[PDB]
K.L.:
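Take this structure first; my questions come after.
Letters A, B, ... are given to chains in the order of the sequence lines, protein chains preceding strands, and every chain is numbered from 1. Only this structure's heavy atoms are used, side chains among them; waters, hydrogens and symmetry mates stay out.
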Amino acid sequence: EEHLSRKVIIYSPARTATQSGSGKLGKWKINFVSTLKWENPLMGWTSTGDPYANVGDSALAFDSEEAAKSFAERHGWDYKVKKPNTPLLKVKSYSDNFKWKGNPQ
Amino acid sequence: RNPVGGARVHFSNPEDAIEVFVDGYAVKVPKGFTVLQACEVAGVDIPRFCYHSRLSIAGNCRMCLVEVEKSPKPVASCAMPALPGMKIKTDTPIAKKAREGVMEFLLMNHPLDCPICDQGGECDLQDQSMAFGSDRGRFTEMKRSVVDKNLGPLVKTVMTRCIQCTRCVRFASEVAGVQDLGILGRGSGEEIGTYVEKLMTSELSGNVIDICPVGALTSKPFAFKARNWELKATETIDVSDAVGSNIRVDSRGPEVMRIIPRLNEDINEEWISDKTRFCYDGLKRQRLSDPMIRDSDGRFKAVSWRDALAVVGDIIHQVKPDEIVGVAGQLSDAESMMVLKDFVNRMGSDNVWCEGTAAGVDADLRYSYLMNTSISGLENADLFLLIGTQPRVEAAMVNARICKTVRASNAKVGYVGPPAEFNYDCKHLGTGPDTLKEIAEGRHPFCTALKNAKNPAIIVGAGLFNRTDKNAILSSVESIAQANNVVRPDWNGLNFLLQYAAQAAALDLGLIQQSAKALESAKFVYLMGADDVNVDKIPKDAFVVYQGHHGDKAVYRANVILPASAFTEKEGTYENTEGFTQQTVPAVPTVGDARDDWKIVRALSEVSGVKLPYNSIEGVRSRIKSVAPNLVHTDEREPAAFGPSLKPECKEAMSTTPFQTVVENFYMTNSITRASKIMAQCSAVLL
Amino acid sequence: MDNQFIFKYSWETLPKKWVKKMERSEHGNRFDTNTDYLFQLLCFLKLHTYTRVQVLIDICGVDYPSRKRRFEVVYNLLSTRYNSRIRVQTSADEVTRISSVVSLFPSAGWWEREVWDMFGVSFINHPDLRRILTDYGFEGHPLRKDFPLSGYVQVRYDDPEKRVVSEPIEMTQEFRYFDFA
Amino acid sequence: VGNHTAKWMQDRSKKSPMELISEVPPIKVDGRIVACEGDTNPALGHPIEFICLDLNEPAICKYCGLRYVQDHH
Amino acid sequence: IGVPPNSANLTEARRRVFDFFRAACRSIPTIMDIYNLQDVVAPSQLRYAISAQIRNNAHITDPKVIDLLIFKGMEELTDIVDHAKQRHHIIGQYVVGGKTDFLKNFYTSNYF
Amino acid sequence: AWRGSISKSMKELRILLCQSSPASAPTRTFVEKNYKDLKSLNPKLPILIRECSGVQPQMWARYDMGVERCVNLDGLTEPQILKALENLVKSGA
Ligand code: SF4
Ligand code: SF4
Ligand code: FES
Ligand SMILES: [Zn+2]
């Protein structure tokens, strides 16, 4: 009812820039944009009242773009799809390091 | 099989392709690919340290060794070209043993620092030790040790962790264009350093943190603050300039902890500038939290939203419509600019413009204020002519693409403007419009260089837009563009470089300054985040309302302060200098009693008695569809349709005033960076 | 009676339309069946002389959000006569009722109530299907993957009303998700 | 006394740990390298850390804060 | 007594919908006594809320969904009568007994 | 003479079109043929030419107090689009 009209983002998380390994891609997430948190005035702990605080990152997951879209539409959420960026493999040669500079101009 | 990471492979021709076998399976790769790249197409992840796709091949870490049939030795796949009929094996006992032996050598002198090391938990060395070399350690001797080096306030150094991959050295020479890092000495005693005591001054210096596979180079402002497993990742865009670099924002609770690059091959290619990387600490300092109105004693007092809007709404109705002026800030999203433009127009005023040099330009044709070659298209250009523009401090990732093109394709660069420090070869042609007059008339080696150019590129800075002779200069440049066939159906080489994230969308929406002197005759000024406008030009009896998240001078002058959300707390639309539209994603909550900018202008309009036909951001984007529909079709690459031929001829004269620098301080350009500790330290020692 | 004999003998004797998938493994012999055949397959295995599966160890549900039929219902069964275990699984969705096996194994009664409580799968001919674990008036099915860990409501004593009442949850410190992948 | 310590230490009777480790004099070492374990029994200390002493300023163990210097040069 | 099979058609489903509505309405006096609502709300208001609930779901065309809604309604009703969780103006999930909405939401918070 | 008076009647004229669609072909022909003269006769009037991949051709005019009027340009020829300009200039302005 109340939590079924929130709008979500369906996306496939990119690769971390701090590591060269590509083993965390291919997954599709549903982002609930839970951005209502504050500090508890006793210990400084981070508080929330939003039930979808971490379920979008901890438990819910999808192996395909279609599966995430189907799940969102069955529950009635308004979704926007962000297509992932992919690298373009280009021709690289080690011999390029020693390319001739040509005749002196 | 899906290529690793979903990587795309482009084929110039199906005839120019070869067949290799990766673990029996058959893959087809372009001619010239390496064994490692063939393995990625096969979907096999080879371990690596010294190899980086955006850097020259080094082949020194020896971690990418694989077995090749009829090859007597293990083969470094990162450097070995792929050949037809090649049989590549990656999981054989020879390849596995090679990986374990190399991983043993890597950890021999590595310090037991994982607990105190910031790379812990996101470390390639940790993950590859767990996977490939599962050796019980047998090294019992004394480890070597290295002293730490000082590289400035951004890059913290723990050099005992360095594995001598030389990624940092190669990045400094090839990408940053500032040759400060080297590898000194010989043998196991070789050390990465600058030899003499010097700080890393390049504006792309912070990228060495991302490329260092171990914790040898880390972010000093982020030191020890968090572990990677406790950070929420948000994929969004940067608003520090008009480039729209793709970024990942890491947050823990209601707080941004760091900003790291996101891959976007068309814009920034997994690099960002130091302003993008280290401005985040200003997001929690000097935030406007509550609506404030100045008291009887001329002091701000906090109030509720209802009282603040009532005051603004009451007093706006006591001035003539022509005396109302609205100025949009450089970090304004397209939605808030549209609501601002509607509100001011519905009050009977036409004085709405975006702060900056491009305040009153002709926005009729979209080619006239965008980089029509596109950022990725600059790599095909064989000549660059820069007029009134310092891309190094104006658009750092655009300057990066030029340097990469000059280094790779040996392109030539002509520069017309005030003297500057470039990180690439550039002839200084002159300083002002006299050199444009000479370039138009020919009889110059660069002029025949410009003619002998197959794909030349002209880049004209938005800073020249605020000059009195802007139309004379624009006509002179557009005449040069025609004379050398710069603009053709296969090559659009005319470019205009914008400086501000909001500038492209402001021009698309029609926020154009009609009256050049409407600010000095105004009694109601609405500064929507416009902290860089000269506030002493406003009459002392004018009612000024400042709406934003930070501020230094306009805050002092304002009679009412309306707290607004920042780019990390809202879903706003931004268009970059090449016409590409993108939207930010909320990462953290908004501080205090702040609100979204489009919400504040719609709320004020309702209080002021004007009924705008929308109550939500979807109804604002429907409204935008009637004005600038490209800003609602997000992430869509679209060529121009009209060119300079439609422009009415100009006969204005030229001012001998030489071109002025636009960005005086690369680190002090917006209100977020002006509230940042790190940017202040960067201005102090890195400038 | 080893798992080699069960796999082979079940292939020869069972009607072919019942079983769509057969997995022989050291993790367990598994028979996947359509929902309309689950009751008959379980009655065959119980009564047949060469199987004598007399004990239903338990019934559990598994949630697979990426599947068209998201729920998998798993029947772990045991033959004390032949000292062998068998796993019979079937798939279900949020609205399709499946057959109850209480008439075959009385122990299934509470387990099917737990499946209804935890996942929302309903069982035809179950004599008394109602929630068994959750609080009275509970909304949702906590074992579904989209159900939040801390739920939606919490209880407290309310002195003005002199009773314990339920209100929307407010967390002093949120669950911290540590993504270690 | 510093800002880092004032976030948690609300008692000024004793000195802060940062003050206390600053008063331990640097240890003279005959050589250019020293290994620090933080304890006489290595199993009760911290992971072994090898520290280079080529710089004039004393070298700090990154785990326990002990400082070391070259004895002769 | 046992859970019946899934309804074949919307006639079977509607017969079940009518049967449930009758049971829900016939328990209204019991509820009024348990929650002491004699001075709070009228019995017809209880009837209207039940018929409302049913009318909001008049666009469902799948008999399986209708059966699940009836089952959930039967479960909800049984808890209200047997295990009452008394709250003043609330029975189970039913509240018993010049500016637009935007400016009100704007005044409240930034999250709508 | 109405073409030299578009500045005193409206504050801004917007022309939305598609770059490649055939439905936008007449409007693109209109812009390429008329923009030069219109801008030369109205140097201070903003004429916003905004192209998008999938928009039906439209034409907008903004008057005082932010009142706007739109003309649907689908299924129209070049001279009739010119008339749609003139009626926008002469009526409601
Ligand atoms: S780089 Fe840091 S985290 Fe990685 S192995 Fe070395 S000490 Fe451990
Ligand atoms: S400092 Fe880092 S990037 Fe540079 S050589 Fe050492 S390990 Fe490689
Ligand atoms: S990755 Fe090929 S040798 Fe370092
Ligand atoms: Zn120590």
Side-chain angles (χ1 to χ4, degrees), chain A residues 7-9 11-27 29 31-40 44-50 53-54 56-58 64-65 78 80-102 105, chain B residues 2-10 29-34 37 40-41 45 47-49 51-53 56-59 78-81 119 122-124 127-128 209-211 213 228 232-235 246 248 252-254 260-266 270 569 571 585-590 635:
Chain A
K7 56 165 246 181
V8 298
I9 275 66
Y11 72 116
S12 168
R15 189 205 77 183
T16 311
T18 65
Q19 303 213 67
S20 300
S22 306
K24 294 191 61 155
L25 305 112
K27 220 42 190 199
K29 270 300 207 220
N31 186 359
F32 294 91
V33 202
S34 189
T35 49
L36 180 42
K37 49 205 37 171
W38 64 102
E39 296 215 71
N40 175 275
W45 293 342
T46 295
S47 319
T48 204
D50 171 81
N54 45 73
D57 309 59
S58 171
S64 70
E65 52 293 0
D78 215 330
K80 186 226 185 313
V81 158
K82 267 134 154 43
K83 179 240 191 172
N85 280 327
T86 65
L88 160 60
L89 277 175
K90 280 212 155 333
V91 162
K92 268 172 90 53
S93 43
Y94 172 75
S95 167
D96 267 346
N97 306 351
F98 327 102
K99 212 142 64 43
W100 184 45
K101 281 212 233 140
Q105 264 294 309
Chain B
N2 246 75
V4 167
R8 303 171 272 109
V9 188
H10 175 48
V29 294
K31 196 217 172 134
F33 266 37
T34 68
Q37 274 167 319
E40 305 316 290
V41 182
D45 289 345
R48 90 266 325 258
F49 285 108
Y51 175 74
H52 193 284
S53 84
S56 65
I57 297 162
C78 62
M80 170 69 69
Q119 199 84 30
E122 47 173 33
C123 174
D124 284 334
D127 288 339
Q128 292 179 213
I209 295 145
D210 297 308
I211 68 171
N228 87 295
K232 174 188 124 177
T234 293
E235 298 190 348
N246 289 337
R248 222 193 53 217
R252 185 179 68 203
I260 74 192
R262 196 153 61 65
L263 186 267
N264 186 314
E265 274 263 32
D266 318 310
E270 88 183 75
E569 304 147 16
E571 180 106 34
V585 178
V588 290
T590 77
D635 292 358

K.L.:
Against chain B, label A:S34 side chain, backbone, both or neither, depending on which of its atoms sit under 4.5 Å from a heavy atom there.
P.N.:
backbone

K.L.:
As an exercise: rank B:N264, B:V585, B:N228 by heavy-atom pairs under 4.5 Å with chain A and give me the winner.
P.N.:
B:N264

K.L.:
Only pairs of heavy atoms separated by less than 4.5 Å count here; which of B:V4, B:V588, B:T590, B:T34 has the most with chain A?
P.N.:
B:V588

K.L.:
Might you point out which heavy atoms bring A:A17 and B:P261 nearest each other, and give the distance in Å?
P.N.:
CB-O, 3.7 Å

K.L.:
Taking atom CH2 as the centre, does A:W45 end up with more than 12 heavy-atom neighbours from other residues, nucleotides or ligands that are less than 6.0 angstrom away?
P.N.:
no

K.L.:
Could you grab the distance from atom NZ of A:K82 to atom CD of B:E235, nearest 0.5 Å is fine?
P.N.:
9.5 Å

K.L.:
Less than 4.5 Å to any heavy atom of chain B: does that hold for the side chain of A:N54, its backbone, both, or neither?
P.N.:
neither

K.L.:
Would you mind checking which part of B:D45 comes under 4.5 Å of any heavy atom in chain A, side chain (CB onward), backbone (N, CA, C, O), both or neither?
P.N.:
side chain

K.L.:
Side chain, backbone, both or neither: which part of B:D266 has an atom under 4.5 Å from a heavy atom of chain A?
P.N.:
neither

K.L.:
Run the side-chain contact (heavy atoms from CB on, under 4.5 Å) check on A:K83 and B:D635 step by step: do they pass?
P.N.:
CA-CA 9 Å; A:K83 179 240 191 172; B:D635 292 358; over 6 Å; no

K.L.:
Which region of B:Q128, side chain (C-beta onward) or backbone (N, CA, C, O), has a non-hydrogen atom less than 4.5 Å from a non-hydrogen atom of chain A, or is it both or neither?
P.N.:
neither

K.L.:
State the OG-CD1 distance between A:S93 and B:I57, to the nearest 0.5 angstrom.
P.N.:
6.5 Å

K.L.:
Side chain, backbone, both or neither: which part of A:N97 has an atom under 4.5 Å from a heavy atom of chain B?
P.N.:
side chain

K.L.:
Where on B:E569 is there a heavy atom nearer than 4.5 Å to chain A: the side chain, the backbone, both, or neither?
P.N.:
neither

K.L.:
Name the member of B:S53, B:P3, B:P213 that forms the most heavy-atom pairs with chain A at distances under 4.5 Å.
P.N.:
B:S53

K.L.:
Among the options B:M80, B:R8, B:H52, B:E270, pick out the one with the most heavy-atom pairs lying under 4.5 Å from chain A.
P.N.:
B:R8

K.L.:
Heavy-atom cut-off 4.5 Å, strictly under: side chain, backbone, both or neither for A:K101 against chain B?
P.N.:
neither

K.L.:
Can you tell me how far the OG1 atom of A:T46 sits from the CZ atom of B:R252, to the nearest 0.5 Å?
P.N.:
8.0 Å

K.L.:
Heavy-atom pairs under 4.5 Å with chain B are the metric here; pick the option from A:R15, A:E39, A:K90, A:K24 that has the most.
P.N.:
A:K90

K.L.:
For each of B:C78, B:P47, B:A58, B:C123, tally heavy-atom pairs with chain A at distances under 4.5 Å, and name the one with the top tally.
P.N.:
B:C123

K.L.:
Drop me the distance from B:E122's CD to A:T18's OG1, to the nearest 0.5 angstrom.
P.N.:
3.5 Å

K.L.:
Pick one of side chain, backbone, both or neither for B:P586, based on which atoms fall under 4.5 Å of a heavy atom in chain A.
P.N.:
both

K.L.:
Checking heavy atoms, do the side chain of B:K232, its backbone, both or neither come under 4.5 Å from chain A?
P.N.:
side chain

K.L.:
May I ask you to name which of B:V9, B:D124, B:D210 has the most heavy-atom pairs under 4.5 Å with chain A?
P.N.:
B:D124

K.L.:
Can you tell which of A:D96, A:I9, A:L89 has the highest number of heavy-atom pairs within less than 4.5 Å of chain B?
P.N.:
A:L89

K.L.:
Of all heavy-atom pairs between B:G5 and A:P87, which one has the smallest distance, and what is that distance?
P.N.:
O-CD, 4.3 Å

